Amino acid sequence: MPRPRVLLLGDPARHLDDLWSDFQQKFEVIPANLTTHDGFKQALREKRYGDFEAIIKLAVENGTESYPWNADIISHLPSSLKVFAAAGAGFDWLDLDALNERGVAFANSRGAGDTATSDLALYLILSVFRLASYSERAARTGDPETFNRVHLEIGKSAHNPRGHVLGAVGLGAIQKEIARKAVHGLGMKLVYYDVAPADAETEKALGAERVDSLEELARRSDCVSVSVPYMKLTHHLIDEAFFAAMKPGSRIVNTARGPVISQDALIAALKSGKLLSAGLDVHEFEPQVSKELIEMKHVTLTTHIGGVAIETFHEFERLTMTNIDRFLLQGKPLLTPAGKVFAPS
């Protein structure tokens, strides 16, 4: 045959050394040498990499200089192309429909960051219940008076998560782990809203109580956990109507996608006292954090580290290489497909 040709966007592997060596056994890996989005579309128009059968993206932050993967750039891929495999769950940067129209199969890396992301979210919930963020800022002043004033100030407002209600917006895979840790580890109760209902087992295992609308979920919650896929339909899913329905002095955390929560609404609900504290690992104008949120006492903000753990990367690398391996050499279907499903070689 003998060696199908894989285009690699950005870096080679950093963790699964043996598996990456076997992968290079097995396929001719062509480095993309990315410069500009435009430079890469020029490259594709000039047949610079030749015909190639697969594209591999080994990390979320790898290959970004090729973005966006819109119709226009996709119109230039060689027709030999069979499969594109990418790290990550989100593929906001990718027109999956333009890619499927060319008979190209897509695979993401769904599942790899579950443990990671659910942990960060557990960290956020801890943080907004105990006001730990404000606490750390005080400690880091290195000032004796501040340390004491704050240690006392926090005591008027901090609460154990235990017996308080976590309102899950979405009850997908990462929210199931989040829940299980809040319910069984921290002792919170669960109500959730979701497009579809959890099975008998998940509900009876987490004590999940479903409700019909977001407003209902808001009404019932002491802290809300947003964990939904991001799309047009989820943009500003969390807005003014939602904060108006929440209880005075409640809490919210986001590990899903920034613009799923209206930053302006959020800011307004903290200023008014509707929310006591909020925790964001994602930001509507990412990489720009809200200057107003920072400026506030009780808002925990992190640099999108939800899935950022070495084990997650181990899995991004495993799954991308395994998918291509399966789909081109083994005649097996993709392990983590997304969009239209094609036949293996």
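Numbers for residues come from their place in the sequence shown, where the first is 1.
- Across the two stretches, 302-310 and 32-40, the PDB entry reports the greater mean Cα temperature factor for 32-40.
- Between 170-178 and 94-102, it is 94-102 that carries the larger average Cα temperature factor according to the deposited entry.
- Across the residues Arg140, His236, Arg251, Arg220, the deposited record lists the maximum Cα B factor for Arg140.
- Within the listed group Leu276, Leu280, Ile294, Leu58, the record reports its top CA B-factor for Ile294.
- Annotation for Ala13: C-alpha temperature factor in the highest third relative to the rest of the modelled chain, per the entry.
- Annotation for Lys232: CA B-factor lies in the highest third of the chain's modelled residues.
- Among the modelled residues of its chain, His164 has a C-alpha B-factor that falls in the lowest third, as given in the PDB entry.
- Annotation for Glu315: CA B-factor lies in the middle third of the chain's modelled residues.
- When the modelled residues of the chain are ordered by their C-alpha B factor, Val128 lands in the lowest third.
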